[PDB]
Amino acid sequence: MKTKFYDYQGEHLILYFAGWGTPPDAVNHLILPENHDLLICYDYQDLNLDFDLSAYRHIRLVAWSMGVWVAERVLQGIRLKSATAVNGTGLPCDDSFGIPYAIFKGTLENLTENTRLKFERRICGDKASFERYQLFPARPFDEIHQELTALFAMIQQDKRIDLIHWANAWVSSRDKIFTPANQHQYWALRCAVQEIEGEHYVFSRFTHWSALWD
């Protein structure tokens, strides 16, 4: 996978796992706590994370959408200070616990630049939110298409769960991707759940990283 590393000379690390095909810039507006570096992880063509986590004292994970499933594999066996899921579950292609199969598979079967934009409208909700999201630099179509191909294969072949344990989960009330009922069904007996009014992309409602876990 790809990374973007921010050296703020921190003792601690915030680890952000992006959604499938999403722009890393979608979290630039979040203020970091003092004494924290940031590592943005994305482009899940594979699960290789070429980065040394060892120097950090505390590592806090924030994973959005399909990033939750990815983070469970990448960080299995790594001690985390906290792990926060944002509109994502351990079973991302799942009629009960994730994105319904018809939607997940349908998205890949029909994926074009045009349907990509329609899917981003579904992720963002209203037109104004969608248009704001379009100002983030878009990742190349061929890259996000290959990413979904890779994710689809991996997710179909590996339905393991609870590879790490989560501290809390945020669930958007109008999420049209991971439906709120499915998110609640997954997280109910696993971790604290925080409901928030919003859409699958909900980072726009936050100003500070730390609000996500504190």
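In this text, residue numbers run from 1 along the sequence as written.
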ask   = Taking the recorded C-alpha temperature factors, which stretch has the higher mean, 76 to 84 or 91 to 99?
value = 76 to 84
request  = Determine, for stretches 173 to 181 and 46 to 54, which one has the higher mean CA B-factor as deposited.
outcome  = 46 to 54
task = Specify which of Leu15, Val202, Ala192, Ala18 carries the largest Cα B factor in the deposited PDB entry.
result = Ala192
query = In this PDB entry, which of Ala63, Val27, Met154, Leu38 has the top CA B-factor?
reply = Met154
inquiry  = Per the entry's values, where does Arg139 land by CA temperature factor relative to the rest of its chain, in the lowest, middle or highest third?
reply    = highest
request  = Could you say whether, by C-alpha temperature factor, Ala188 belongs to the lowest, middle or highest third of its chain?
outcome  = highest
inquiry  = Ranking the modelled residues of this chain by C-alpha B-factor as given in the entry, is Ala128 in the lowest, middle or highest third?
reply    = middle
note = On the chain's distribution of Cα B-factors, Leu32 falls within the third called highest
remark   = Temperature factor at the Cα of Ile161, chain-ranked in thirds, falls in the middle
